Amino acid sequence: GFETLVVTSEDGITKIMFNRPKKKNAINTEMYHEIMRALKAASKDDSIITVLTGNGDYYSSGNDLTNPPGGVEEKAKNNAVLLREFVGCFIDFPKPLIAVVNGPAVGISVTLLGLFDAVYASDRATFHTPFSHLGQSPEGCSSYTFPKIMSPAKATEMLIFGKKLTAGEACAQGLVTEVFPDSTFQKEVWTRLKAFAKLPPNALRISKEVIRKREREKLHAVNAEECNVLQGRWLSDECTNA
Amino acid sequence: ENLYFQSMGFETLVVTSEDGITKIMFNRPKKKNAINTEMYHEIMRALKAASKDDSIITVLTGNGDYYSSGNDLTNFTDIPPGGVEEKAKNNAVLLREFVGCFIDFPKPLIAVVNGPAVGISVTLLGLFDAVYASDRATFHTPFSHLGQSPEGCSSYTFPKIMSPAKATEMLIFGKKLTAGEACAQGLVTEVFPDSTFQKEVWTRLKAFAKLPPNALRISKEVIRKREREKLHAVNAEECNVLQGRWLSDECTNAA
Amino acid sequence: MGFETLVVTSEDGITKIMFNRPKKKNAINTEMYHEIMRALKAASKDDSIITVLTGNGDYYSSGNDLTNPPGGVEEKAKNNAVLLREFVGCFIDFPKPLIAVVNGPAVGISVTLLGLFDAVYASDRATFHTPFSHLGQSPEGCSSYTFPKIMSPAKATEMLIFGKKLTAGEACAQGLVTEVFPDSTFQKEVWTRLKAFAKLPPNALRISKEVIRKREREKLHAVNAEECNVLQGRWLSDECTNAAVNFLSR
Ligand SMILES: [Cl-]
Ligand SMILES: [Cl-]
Ligand SMILES: [Cl-]
């Protein structure tokens, strides 16, 4: 039983659906733990392919802005330990992992796209990482992945300067596999994924592994560096005023 | 020795050297330039010849309507004394060595992609210096459909060149690209209309071959040398994986 | 402090370093190498949030000045390779967001350094040319590493090895340039954006850049060193000796 996700599995696809549509799928502490539990189950289940998507209008508005005796410094520590573990589940996820981006995506839900195998977007999806505007720094391994996927010249605009991308721009810049018109989005994506799930399953998993294994150690080191820096930013005056 | 004069005779290739350019042409056009055991070996020989001749630039291209359908699946081989296992090992050693020749090739190496390209002939494109395509070339790596895994260093190069989100569709899910898509995604340098393709590309290559010859070579070396060690390790790892996949049920059934 | 070949200003949280030999298409002479390094050193310590590099007049920069003793040509190529190395090293290490405002044609080292910038904005009149091979030379500015990664090997080759000159639109499509603007609106569009950028939280800007760049710097410094070594030799080859005399003639 999940309180913040709807998780199903059938015919070789596991579907993990963010389910706080009244909060535009903001990721609160509970959803952090539950996404990790869903991923850990999906890593051992019978599915060939695992899909993340959002209920409703938004894919996700990112971290929930609403969440101790040992202080703001110890809440910072425990939040960093948790972020690091959460990102770690995406670095390690051993099967094909697909984002179906049904609408606007923000923050950590965008930065994680650099660790997904494929990303399909509705043309009403947008991609925004306004870290800078909130006195914070990158996470989700995006400090490593975004310059490499997008080019430094483009990644700067998104990561440092908080420019919001359209679906088309995110696709042209390598974050998004393909964009579909919103009225046909759901059909186009599921039809494709159902075909993909009929491919030889050990071949799909083994092909992902030969692509991803040699990079994991570096991604885990990137993730640890990001979380350490981010712990600092949370305790900063710019983060508080913003 | 691999010395020759103007043309080097092969059974599955046409190998010629004029205007400072050694041209290696797949020549099993009836079989869509499918690469059999004989062609793996002749290609490695042709590359050794090309690295040592007086060409400035080297081209790989196909005869007829296809660049290459990739590995020849009609090329059925007897099982040797150590069984299908020994056969999978033998084949893995040969692939590793074949890819290694592309990793190490020291002159500018250009692909002239005249028509459809499949498999190993596509994955190798990530080790090339330039790739020119006809607008009727297509690019297809249907490894998963055959119960196999990536080779040619593509498990490393394609994500980096195309982005992970585009490389996945091609490598894991077997999507076939048009020439325009392959160029948009970084694998192809430039696409030309089929009707003037050969004219335009060869005009350009003949110009390039008149550039200061040693500078061409030294610049490629400064770009490529520091990566070769990693590429070699990637190739070895892909070949070890594939050795296991060739013995799998999924691979058998797929044939 | 005080500049012969640059104009350096600072306002609205932006330090602007402008190449200032417009009668030589902002060619970079030995003096400008040393000045750019002193300017970047100062900009790194001043209270600006963003630093910009641009060129005065019609060119960004035509790149190295070909006009450029005690141990003859042997020890000279050595000095020049030591200076090139130090010059490129300042870009690798520069700690604040570094932006290129490419006002017209760029050539040579002015192009290759763009792989070390944070953002790059171009006028549609700008072009990008690295004719190193034509000149009998090899790559620098870390371009041997950075350009295949940014542009794809297949496109980097055409630039670096074969001397293709890119339009602003092509450079942008291939990852080198952030955004291209019509020449008539370029200055206004860029500076408006940059002025808004300079108002974002400055420690977040600086620290974001740091988490992006820091872990790559070692590698970049190695690539720089290797490139300067090769180039030290190329400068003493018949193809370069010979090419430089032909360009003397232009
Ligand atoms: Cl957190
Ligand atoms: Cl084989
Ligand atoms: Cl110099």
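All values below were derived from every heavy atom in this structure, side-chain atoms included, with hydrogens, water molecules and symmetry-related copies excluded. In what follows, chains are A, B, ... by sequence order, proteins preceding strands, each numbered from 1.
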How close do A:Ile211 and B:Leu171 get, heavy atom to heavy atom, and via which atoms? CD1-CD1, 4.2 Å
Neighbour count >12 (heavy atoms, 6.0 Å) for atom CG, B:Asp249: no
How long is the gap from CZ on B:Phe173 to CG on A:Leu193, to the nearest 0.5 Å? 7.5 Å
If you tally heavy-atom pairs under 4.5 Å between each of A:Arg214, A:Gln173, A:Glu178, A:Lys148 and chain B, the highest tally belongs to A:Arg214
Closest non-hydrogen atoms of A:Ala203 and B:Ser144, given as atom of the first, atom of the second and distance, are CB-O, 4.0 Å
For A:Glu215, which atoms come within 4.5 Å of any heavy atom of chain B: side chain, backbone, both, or neither? side chain
If you count heavy atoms of other groups shown closer than 6.0 angstrom to NZ of B:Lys230, is the number above 12? yes
Please name the pair of heavy atoms, one in A:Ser207 and one in B:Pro150, separated by the smallest distance, quoted to 0.1 Å. OG-CD, 3.6 Å
So, for B:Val241 and A:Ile206, which heavy atoms are closest and what is the spacing to 0.1 Å? CG1-CG2, 3.4 Å
Using 0.5 Å steps for rounding, measure from the OG atom of B:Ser163 to the CE atom of A:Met150. 10.5 Å
Would you call A:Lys208 and B:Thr168 a side-chain contact if the rule is heavy atoms closer than 4.5 Å? no
Give me the atom names and distance for the closest heavy-atom approach of A:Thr177 to B:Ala165. OG1-O, 2.7 Å
I need the minimum non-hydrogen distance between B:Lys166 and A:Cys171, along with the two atoms involved. NZ-O, 3.0 Å
Side chain / backbone / both / neither for A:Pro96 at chain B, heavy atoms under 4.5 Å: side chain
Heavy-atom pairs under 4.5 Å with chain B, option from A:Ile98, A:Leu115, A:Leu199, A:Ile149 with the top count: A:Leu199
Look at atom NZ of B:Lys32 and say whether more than 12 heavy atoms of other residues, nucleotides or ligands are closer to it than 6.0 Å. no
Would you compute the distance between atom CZ of A:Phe196 and atom NZ of B:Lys175 and round it to the nearest 0.5 angstrom? 9.0 Å
Checking B:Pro164 against chain A: side chain, backbone, both or neither under 4.5 Å from a heavy atom? both
Region of A:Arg192 that comes under 4.5 Å of a non-hydrogen atom in chain B: side chain
Can you tell me if CG on A:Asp46 sees more than 12 non-hydrogen neighbours from other groups inside 6.0 Å? no
So does B:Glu200 have more than 12 non-hydrogen atoms from other groups sitting under 6.0 Å from CD? yes
Measure B:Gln148 against the heavy atoms of chain A and call it side chain, backbone, both or neither at under 4.5 Å. backbone
State whether the number of non-hydrogen atoms from other residues, nucleotides or ligands found under 6.0 Å of B:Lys87 atom NZ is greater than 12. yes
Counting neighbours of CZ on B:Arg245 that are heavy atoms of other residues, nucleotides or ligands and sit closer than 6.0 Å, is the number greater than 12? yes
